[PDB]
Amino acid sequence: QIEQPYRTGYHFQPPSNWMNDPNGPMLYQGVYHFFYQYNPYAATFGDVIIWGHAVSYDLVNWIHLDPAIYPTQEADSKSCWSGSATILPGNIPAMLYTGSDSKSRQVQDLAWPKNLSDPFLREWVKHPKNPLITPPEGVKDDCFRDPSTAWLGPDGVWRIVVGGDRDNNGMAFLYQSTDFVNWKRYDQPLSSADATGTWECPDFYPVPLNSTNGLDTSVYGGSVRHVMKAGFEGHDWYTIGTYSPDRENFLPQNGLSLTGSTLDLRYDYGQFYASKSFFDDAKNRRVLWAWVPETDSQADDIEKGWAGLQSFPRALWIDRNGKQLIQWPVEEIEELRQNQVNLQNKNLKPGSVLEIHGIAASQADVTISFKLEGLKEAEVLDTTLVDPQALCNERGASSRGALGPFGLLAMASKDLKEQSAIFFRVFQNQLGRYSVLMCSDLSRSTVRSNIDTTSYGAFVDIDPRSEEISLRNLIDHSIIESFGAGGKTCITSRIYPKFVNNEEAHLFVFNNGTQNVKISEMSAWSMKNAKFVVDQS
């Protein structure tokens, strides 16, 4: 009997209890700070939520500290909900977050460290005039929250967006300020969308064109595009566009308003929510954090004593084509790599399963690249309006095609009674144009009852004719993060196989299609544990 088989070895999570939204991520004086919605009293959401706090020098190894922000004033007496960090000139980190006041309404509060001499910024002081911002005229008391990191315009005026909705229409309410204390709502929202519901944890930032670097939030210009991100209808959506400080205008590149449909982009197509990014000027990259909810039952959570994980932090940038974002785990993760097992020029015949020996199958970093033959044999299927997730749930690893399913079997039992299959399928429309589907088939990830085993999928924007299909998987016990085509398509999965309680996991490569596929190259590394030190009480 293995203890806590579902706890991860290198993903961030508190010692125990419930954790959701990542809060105020930032880099300050050489230290990476991470905060998060935390329930000090249970492994479920609760009436009292506070900001947990941890610090790190590399985003991999962490030191758990005492919570940083917890109810101490009327403006946040019932709870301290999500917010973001902005480092103001003069080198002072300012935290804006949504507090639940004594009247149970959502208001925006300000706090900043009380002891800048402390490398870990443990103590925080709250502004005497909180709340700084209260719900606009026609907005309900519980539909106004999650202030973003602020950006300073060329006119010396600060901007921030706060999420909410006006009559069920998602809103990114824009506020302005020069002293960061007195804020005035701009006449029009920065962006919005009809019937989406409250926009949660909005994020607004620039990305450099033709570059894999990150930018400080306040950069603007012609060689820069902006990303408007918001969570609603259960997922995190984003759209790339152009921002004009002058008129506070955000113009979507594709001219669409978010609808939460297969028409819009997401950072990740699996369990991924309340994502928040920050600029890291030490490495000149933008890092993205995201809450990964549990998919087991609440009773299971209370039983194991904890709930919620954070995705492994990923660098973020805009693709060469400028039509979507690219994500990739921060390079620091590579330091966890131990022994390596590699394969090259290996054919995977139809219906075959190849086991990868010598790897810690429950805690690994696996990359594989497939070279295809006989593309003309791809099943004919126009995918213009097809819902990729629906398609993966309809056709799992057991549904045999021509090109596909071929990919990986992770967190699998020796007898394959339980397995999580991450794979691809290749289709072509009537005109001979190819499309690529990436799937995380979780239908057989566990034999346990009361586990949400819904599968996830998304189309990958690559040309199978000229580029091999690559896949990287971060396997860490109850979480699997899959990156297709170098980060073009990401899918995070939560799995709870029963076998992990008594036996070891296995890793396989497979091809259940009728066409042959070749592994041009595969690299697998056992990953050692990240260190988590407690410096509390």
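Residue indices: 1-based, along the sequence shown.
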Mean Cα B-factor comparison, 446-454 or 266-274, giving the higher one as deposited: 446-454
386-394 versus 179-187 - which carries the larger mean C-alpha B factor in the record: 179-187
Maximum C-alpha temperature factor, selected from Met438, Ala282, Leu110, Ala150: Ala282
Peak C-alpha temperature factor (PDB record), options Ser466, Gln324, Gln310, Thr98: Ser466
Ranked C-alpha temperature factor of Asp365 among modelled chain residues, by third: lowest
CA B-factor placement of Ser84, once the chain's modelled residues are sorted into thirds: lowest
Chain-relative CA temperature factor third for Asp476: lowest
Chain third (lowest, middle, highest) by recorded CA B-factor, residue given as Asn502: highest
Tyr41, C-alpha B-factor rank within chain (lowest, middle or highest third): highest
